[PDB]
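First the structure, then my questions, so here it is.
Residue numbers start from 1 in every chain, and the chains themselves are labelled A, B, ... in the order their sequence lines are given, proteins ahead of strands.
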Amino acid sequence: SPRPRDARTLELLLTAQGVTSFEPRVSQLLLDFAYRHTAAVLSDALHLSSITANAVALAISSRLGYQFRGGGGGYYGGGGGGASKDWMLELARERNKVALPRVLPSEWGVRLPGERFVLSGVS
Amino acid sequence: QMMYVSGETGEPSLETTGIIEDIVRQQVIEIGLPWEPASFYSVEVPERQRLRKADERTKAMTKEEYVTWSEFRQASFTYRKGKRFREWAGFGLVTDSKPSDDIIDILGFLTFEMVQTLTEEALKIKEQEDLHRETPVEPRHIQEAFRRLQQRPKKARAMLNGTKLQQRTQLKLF
Amino acid sequence: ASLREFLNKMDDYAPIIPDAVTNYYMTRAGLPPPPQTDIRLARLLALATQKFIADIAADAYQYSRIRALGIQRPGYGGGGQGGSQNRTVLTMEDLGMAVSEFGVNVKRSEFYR
Amino acid sequence: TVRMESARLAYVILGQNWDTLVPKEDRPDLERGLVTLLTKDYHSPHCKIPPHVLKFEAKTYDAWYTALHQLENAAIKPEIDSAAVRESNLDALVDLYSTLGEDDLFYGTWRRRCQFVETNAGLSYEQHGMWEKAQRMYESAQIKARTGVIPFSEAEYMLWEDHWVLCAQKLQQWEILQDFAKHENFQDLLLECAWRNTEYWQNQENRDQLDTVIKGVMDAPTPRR
Amino acid sequence: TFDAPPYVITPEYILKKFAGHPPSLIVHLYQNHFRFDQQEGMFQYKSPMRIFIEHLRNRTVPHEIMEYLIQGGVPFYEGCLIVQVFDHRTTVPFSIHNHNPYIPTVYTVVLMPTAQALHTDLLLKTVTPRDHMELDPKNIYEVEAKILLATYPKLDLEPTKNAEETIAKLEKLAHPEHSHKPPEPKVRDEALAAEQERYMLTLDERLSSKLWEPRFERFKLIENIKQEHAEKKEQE
Amino acid sequence: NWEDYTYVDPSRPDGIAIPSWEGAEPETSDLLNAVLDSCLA
Amino acid sequence: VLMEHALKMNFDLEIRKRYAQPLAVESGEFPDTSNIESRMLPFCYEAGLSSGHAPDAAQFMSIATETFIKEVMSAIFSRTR
Amino acid sequence: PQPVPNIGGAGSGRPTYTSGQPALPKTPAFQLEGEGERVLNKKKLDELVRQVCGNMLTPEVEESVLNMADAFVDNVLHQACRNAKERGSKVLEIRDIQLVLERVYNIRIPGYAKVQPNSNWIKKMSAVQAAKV
């Protein structure tokens, strides 16, 4: 049966990464996503202008302000939301400075939070 | 004149009329029935607050004020101004040359209502501002009215609920 | 127009959506089914869904009708021979035009090479 | 009728508009009205006018002595026993003296405010024409003030900063001043130093940049440019 | 091999172990400003360096200026800093009528290391040229691991049999630096003389705005320029 | 409300019961803290 | 990125003026035309805009900021009242 | 003549001897009424809140709103300046700010003054249609 290129390519790339099976409609989903991303980026770059490479870079940088804050980036890589590590370190310093709560053996495993924070009278 | 009929008897400055003209021009540039149940078939067979306030004001009006109001009621962008309106709206820059006269009449009908709505909202904003402190309308009241008129019904963003996506649309046509 | 009267009149306003679909999607969202939830609340939710769909249909029928130079809009690939007879066909173009007003993008590629 | 167009004093001061051409408690209102009228643009101890308003109006409408008399009298006898008023009066008087070209009076007035003995000695040396000694005195005063044993005012800070440059100019230290002006973005000083200690005018490469500077500083025309 | 620090580090242990050594820092406090022993200028309590003072209050190492400490060769004692504090806290101005002829307590404290300090150390090493740099980023984790081995050579690995034993163990292993209470919630005639003073300051360029930290930047720049010019002249 | 607590009670309507060197540091830390608090204001 | 964490006009001197003004959160004041004007010029010099900004830009920016805040607050209020 | 501002970068108001002046300088702005701007900027937010809901915020929400304002300004300006420099400009204009505001935030401020397929796309579409019959 006929099948477009870049579809066999995406499926071979998926197989090479340890995926033993996939549904048939993943390749076309990825292709349509690529189409949409390209159209949006170059439509943005058109207004900032013949289009140069600087306009494309600026359109990409502008788009990067509200989406794609993920990926598998490591040391100072903008993944997991993009938060700076020093900010997280100081938040942890503020939190971990308080003493651990005091629990008696008679309330271990049975005490709950305050009435404001529990699901009472919800039915 | 259009402002005067809508309850604005002051003397607006140049900036207010300028911003109003800007808004109207932007709207004009941005701008049985085919979709009736009879269209379901392949064969066709021939068949066979504003008003009350206006009335109160008119009752309160005198003879001379009423005559002035009646004369001012007939203000128009297009009546006897086809060439001026076409040059103003840039017809040739957005559409082919010489649209029919019916289009011109419809646009004249629409621009008047645009101005009327804007004026009536701006007056309420101005009065509410005046009350809290203890003259004509100013550009900031027109800005607030325009901000109000650009808000869309909640039905147009219901599919973005629970997500972190920004709503991006076109210019609303009030 | 009270909510109590409307909920009491739910016998006459039941939508065309079967109860099984309602239960399945309520469970997916997180609401236990009408055995523990009131049947009238589930009926109200299904009626709201039906109203939303009918709105999206009435538009896109308007779009199809005003469409009856002359090339298609890029990004709405679909169809075959184009149907037959002077019948109204629900196409990808009209549905996309309609749902763009609700904040949904349905654009695709026409060919793949 | 509106379209076609102590009581007397108040009406003249603020009642009427000239654009076309006395209880003590009420005096402040008339003072405010007079202040408003004095500074209007359409032109061209019983009564108190701010020293700087008088200074600014005199510098433009040829009323030097009228303001100077009040300034010096207020200096002799302050109206309000406050530090801010004294500072403002002294600053206005010093500005007027400097503008009028009276070096002696300027130096004498400033020598009565300076707290550092080094500043006093530097001003004294500057008066008699010993520029290098005054420069050394200013440097010593700044070094002493760096430590922080005793506070000091901002006026003396600015005086040191400006008078060091003045003495350097009088001593023909243009090589230092050119770099200083380039670093601190002093366009007038940069132009003065370049017009004296270089030959940028021989070729267009530097002449174009110099003309760019000149046209940049030309938006506020003065006799010296 | 190196000696590891105790589970809870206290000023007594550090001050007794490291007697006879020079202190890490010396700071003099005045009424409105402070300085260091060999500094020429001054720091105001309302300036950014206020941050340092806060560290002195919390007995923490000031990581935000760590680079400046490494440049100057400040000594460390088991990762802590010994600081000595000297305490000296305990007419008609601008009138021509004036006449003129020419008209402490000592404290010693210890600041303890934190995790932000170690993060800062590694980050600085990553960008410090010596391979190119002193530390390659890809080797960071391994290096960190080794450092941890030298800081916590002993752990409490014995298990517990019930919740009472866990409660006792949590009670026994409490740390002072992590034993604070939760924070507090966020919270939100002379008129005539002031009016007269304001009126008398009308159209004042600088005095009006007020109704002051001298850094001597221009003089330092002039001195640098003079030194450079003298050096250039000496060459010829 | 740091010490506001409820309890697990299976016999309740919702399963929840609502209850109804000079100057060494150790000997001069307090004085130094007072001075530093005055400095910080 | 790591460095980010660990005749002529001296434009650096002008650019370094951005940090000499308090932020709205520090002063407790909503930004106005004057503050925005103070902020504009260092941004222009950062990007190589050597002629500055148009005279009418700060008022436009202040109006836009007020509109943005009003929209955010209206959206929050309409969901809980 | 026309009032002229102060230029040169030397500075104004310094009480020293470095006097130099323009033929007619412009009078500095001043006010002697009594209501200062430092106090009205502390009521602008209350005025806005009164507008939308028609104090009214807790201490912890006003801080977030002020942070929002700061971030918005220091963000829009950054984008607009680079966009202006892109198209070969030495000045910042309202058009750049308008483009950023309309395309990134959906904000339109009144009162301050097309793509078609080419022949290759049409050829490909014709080929696909011919194959589909």
Side-chain angles (χ1 to χ4, degrees), chain D residues 114-119 122 135-165 176 180 183-184, chain E residues 22-57 62-75 81 83-90 104-107 109 111 206 210 212-228, chain F residues 35-36 38-41, chain G residues 12-13 16-17 19-20, chain H residues 11 14:
Chain D
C114 72
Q115 324 173 353
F116 286 65
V117 169
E118 286 98 337
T119 314
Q135 224 171 31
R136 214 163 296 164
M137 289 307 317
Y138 295 134
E139 279 177 355
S140 275
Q142 162 255 8
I143 284 163
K144 165 177 166 178
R146 233 207 264 276
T147 68
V149 291
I150 180 79
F152 54 85
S153 56
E154 209 176 23
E156 271 188 278
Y157 192 71
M158 299 193 258
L159 191 85
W160 297 326
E161 256 151 41
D162 302 349
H163 277 213
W164 192 97
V165 167
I176 302 286
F180 177 76
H183 199 283
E184 297 288 305
Chain E
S24 280
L25 296 161
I26 299 176
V27 78
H28 307 244
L29 322 173
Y30 296 106
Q31 174 57 39
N32 270 309
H33 68 99
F34 67 104
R35 80 179 176 85
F36 286 97
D37 193 32
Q38 295 292 314
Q39 192 182 5
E40 322 93 61
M42 41 96 56
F43 290 125
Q44 281 198 339
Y45 293 122
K46 298 278 174 201
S47 63
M49 267 298 276
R50 172 187 183 95
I51 189 160
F52 173 80
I53 296 279
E54 282 159 36
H55 280 292
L56 216 60
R57 179 73 172 72
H63 59 107
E64 296 101 334
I65 55 158
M66 188 93 75
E67 54 187 283
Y68 294 95
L69 297 170
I70 287 146
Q71 275 175 38
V74 166
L81 289 166
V83 177
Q84 283 204 342
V85 184
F86 287 71
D87 167 271
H88 325 252
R89 305 201 88 215
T90 54
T105 326
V106 175
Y107 301 108
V109 302
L111 320 178
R206 40 180 284 266
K210 301 163 202 187
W212 169 221
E213 176 85 288
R215 304 203 177 155
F216 303 77
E217 310 231 42
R218 273 190 236 278
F219 293 101
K220 295 182 150 188
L221 166 70
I222 283 167
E223 302 265 49
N224 303 348
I225 281 163
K226 278 208 277 179
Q227 282 185 35
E228 209 251 325
Chain F
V35 175
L36 288 174
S38 192
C39 296
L40 283 171
Chain G
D12 261 294
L13 191 80
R16 279 193 308 231
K17 289 202 219 267
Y19 301 114
Chain H
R14 307 200 122 208

task: Any chance you could measure E/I70, atom CD1, to E/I65, atom CD1, to the nearest 0.5 Å?
output: 10.5 Å
- request: Could you pull out the closest heavy-atom pair between D/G122 and D/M137, with the gap in Å?
  value: CA-CB, 3.5 Å
- prompt: Under 3.5 Å, side chain of E/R35 to main-chain N/O of E/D37, donor-acceptor pair present?
  reply: yes
query: Taking E/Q44 for the side chain and E/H33 for the main chain, is one N or O donor matched with an acceptor at less than 3.5 Å?
result: no
message: On a heavy-atom basis, which atom in D/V149 and which in D/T147 lie closest, and how many Å separate them?
response: N-OG1, 3.6 Å
query: Just wondering, do E/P62 and E/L81 contact through their side chains at under 4.5 Å, heavy atoms?
result: yes
task: Determine whether E/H63 and E/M66 make a side-chain contact, defined as any pair of heavy atoms from C-beta on separated by less than 4.5 Å.
output: yes
field: Side chain E/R206, main chain H/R14, donor-acceptor under 3.5 Å
entry: no
message: Going by ring pair (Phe, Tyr, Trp, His ring centres under 6.0 Å), E/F52 matches just one of E/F43, E/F36, E/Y45. Which one?
response: E/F36
- prompt: Going by distance alone, is a donor N or O of one side chain under 3.5 Å from an acceptor N or O of the other, for D/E156 and D/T119?
  reply: yes
query: How far apart are the closest heavy atoms of G/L13 and G/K17, and which atoms are they?
result: O-CG, 3.8 Å
message: Could you tell me if the side chain of F/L40 sits less than 4.5 Å from the side chain of E/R50, heavy atoms only?
response: yes
Value rounded to 0.5 Å, distance of NE2 in D/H183 from CZ in E/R218: 11.0 Å
statement: Correct closest heavy-atom pair for E/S24 and E/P75 would be OG-O, 2.6 Å
- line: Rounding to 0.5 Å, atoms CG (F/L36) and CZ (E/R89) come to a distance of 9.5 Å
- line: E/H55 and E/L111 have their tightest heavy-atom pair at O-CD2, 4.3 Å
- request: Kindly compute the distance separating SG (F/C39) from CD (E/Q31), expressed to the nearest 0.5 Å.
  value: 8.5 Å
task: Would you check, one step at a time, whether the test salt bridge (charged side-chain N to carboxylate O under 4.0 Å, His left out) holds for E/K226 with D/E139?
output: CA-CA 13 Å; E/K226 278 208 277 179; D/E139 279 177 355; 3.1 Å; yes
message: Could you check whether atom NE2 of E/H28 has more than 12 heavy atoms from other residues, nucleotides or ligands sitting under 6.0 Å from it?
response: yes
query: Can you check whether D/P151 reaches D/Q115 side chain to side chain, under 4.5 Å on heavy atoms?
result: no
- prompt: Given side chains that start at C-beta, do those of E/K220 and D/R146 come closer than 4.5 Å, heavy atoms only?
  reply: yes
message: Looking at E/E213, I'd like to know if its CD atom is crowded, meaning that more than 12 non-hydrogen atoms belonging to other residues, nucleotides or ligands lie closer than 6.0 Å.
response: yes
field: 4.5 Å side-chain heavy-atom contact, E/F86 and E/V106
entry: yes
query: Does any donor atom in the side chain of D/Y157 or D/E161 lie under 3.5 Å from an acceptor atom in the other side chain?
result: yes
query: Do side-chain atoms of E/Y107 reach the backbone of E/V83 as a donor and acceptor pair under 3.5 angstrom?
result: no
query: Do any pairs count as a salt bridge (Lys or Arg N to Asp or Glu O under 4.0 Å) and have a residue in residues 25-34 of chain E, sequence neighbours left out, and if so which ones?
result: none
query: Is the centre of the D/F180 ring less than 6.0 Å from the centre of the D/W164 ring?
result: no
Interatomic distance, E/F219 atom CZ to D/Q142 atom CD [nearest 0.5 angstrom]: 5.0 Å
message: I want to check something: taking the side chain as every heavy atom from C-beta on, are E/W212 and D/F152 in contact at a cut-off of under 4.5 Å?
response: yes
query: Roughly how far, to the nearest 0.5 Å, is the CG atom of E/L56 from the CZ atom of E/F34?
result: 9.0 Å
